[PDB]
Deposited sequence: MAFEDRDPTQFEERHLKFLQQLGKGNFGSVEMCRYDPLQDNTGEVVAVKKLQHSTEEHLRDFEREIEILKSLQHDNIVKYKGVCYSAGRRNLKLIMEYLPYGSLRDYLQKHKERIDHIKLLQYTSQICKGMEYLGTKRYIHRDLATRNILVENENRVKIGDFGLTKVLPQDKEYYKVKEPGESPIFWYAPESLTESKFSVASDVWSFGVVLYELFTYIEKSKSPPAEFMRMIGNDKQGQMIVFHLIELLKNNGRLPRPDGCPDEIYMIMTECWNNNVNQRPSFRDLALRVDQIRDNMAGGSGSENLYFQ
């Protein structure tokens, strides 16, 4: 474990309404820099969920999943990835990030999700805000606060919300599955190829398609109707048609028709290889 007496707060990395992450120096004896996740508005339910999240991350060992380091007395300690979220990184470096590089990040996210599927985990929160950048060549899935373990007897989990990333059956039945993670991956791919431009973000695009007359519950209603009538996010400027087609396959209303992460990884890798080779 970690001795809090040797943890010095250096910078806030994220301050949510139910959790926060701090950059702290752990110097037990010049020491190391670590990322420290703590609970905000800690209720008995929230601490129970945080305990399970801790256990889920400790069980994960993958190049594209943020590294668990341990716990402190209750705080979650990991590594400090110094380039922050992919949102900040892509915004800052967009002029230098070509499509071959976007597909490198896409492939890495895909392989992390592939690995999560092996353990029958549903992430439920796949979005660029939850992808961290270690260096210019490696990103990692960085947060698992909504992740669920599928029950032994079902291939979905029902849960009582980032609605603009949600599959239709998550919006209607509160059902989450690998296939609804694939839907959200399609939205991540859209985020990447819009270079995280806020006026092109999923919430901005969907509200323009719906109408900004709506508020709260009615937004969800017209989003469901929109998706049921096959309204979809548009092809981002400059986005290759083959990549948009993958997005649209992830966004199939028919759950059975969405691709697997294994197949997504294979195709993304092939497209990137063809792009780099000039074929």
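Undergrad: Where does the model have holes with respect to the deposited sequence?
TA: No C-alpha coordinates exist for 1-9, 39-41, 86-91, 179-182, 302-309.
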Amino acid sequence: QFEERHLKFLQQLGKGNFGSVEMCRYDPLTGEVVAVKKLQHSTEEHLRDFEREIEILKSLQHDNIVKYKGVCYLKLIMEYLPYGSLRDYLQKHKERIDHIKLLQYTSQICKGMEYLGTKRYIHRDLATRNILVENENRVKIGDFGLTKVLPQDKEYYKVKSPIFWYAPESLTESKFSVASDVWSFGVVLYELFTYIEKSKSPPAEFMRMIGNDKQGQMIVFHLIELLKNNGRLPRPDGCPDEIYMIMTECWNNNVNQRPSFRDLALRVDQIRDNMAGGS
From here on, numbers count along this sequence of modelled residues.
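Basically, rigid core = biggest C-alpha set you can superpose within 1.5 Å across the two forms.
Undergrad: Out of 87-95 and 121-129, which shows the greater rigid core-aligned C-alpha deviation in 7 other deposited structures of this protein?
TA: Per-stretch check in 7 other deposited structures of this protein: the more divergent one is 87-95.
Undergrad: Looking at C-alpha RMS in 7 other deposited structures of this protein with the core superposed, is it 33-41 or 58-66 that drifts more?
TA: If we average over structures and residues in 7 other deposited structures of this protein, the farther stretch is 33-41.
Undergrad: Compared with other deposited entries of this protein, is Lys160 missing coordinates in at least a third of those that cover its neighbours?
TA: Other entries vs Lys160: at least a third skip it.
Undergrad: Do at least a third of the other entries of this protein fail to model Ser20?
TA: Residue status for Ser20: no gap in any other entry.
Undergrad: Take the C-alpha B-factors listed in the entry for 251-259 and for 17-25, compute each mean, and give the stretch with the larger one.
TA: It is 17-25 that shows the higher mean C-alpha B-factor.
Undergrad: Report the stretch with the higher mean CA temperature factor, choosing between 197-205 and 86-94 on the basis of the entry.
TA: Per the PDB record, 86-94.
Undergrad: Quick one: which of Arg232, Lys214, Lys228, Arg235 has the biggest Cα B-factor according to the entry?
TA: Highest CA B-factor of the listed options: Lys214.
Undergrad: Take the CA temperature factors straight from the PDB entry and tell me which of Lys148, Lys154, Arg129, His99 peaks.
TA: So the option with the highest C-alpha B-factor is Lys154.
Undergrad: Split into thirds by Cα B-factor across the chain's modelled residues, where does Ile219 land: lowest, middle or highest?
TA: Middle third - that is where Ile219 ends up once the chain's C-alpha B-factors are sorted.
Undergrad: Relative to the other modelled residues of the same chain, rank the CA B-factor of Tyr115 and answer lowest, middle or highest third.
TA: CA B-factor rank for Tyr115: middle third.
Undergrad: Ordered by C-alpha B-factor within the chain, which third holds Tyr73? Give me lowest, middle or highest, please.
TA: Top third by C-alpha B-factor.
Undergrad: In terms of the CA temperature factor given in the entry, to which third of its chain does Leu10 belong: lowest, middle or highest?
TA: Highest third.
Undergrad: Looking at the C-alpha B-factor of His123, is it in the lowest, middle or highest third of its chain?
TA: Middle third of the chain for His123's C-alpha B-factor.
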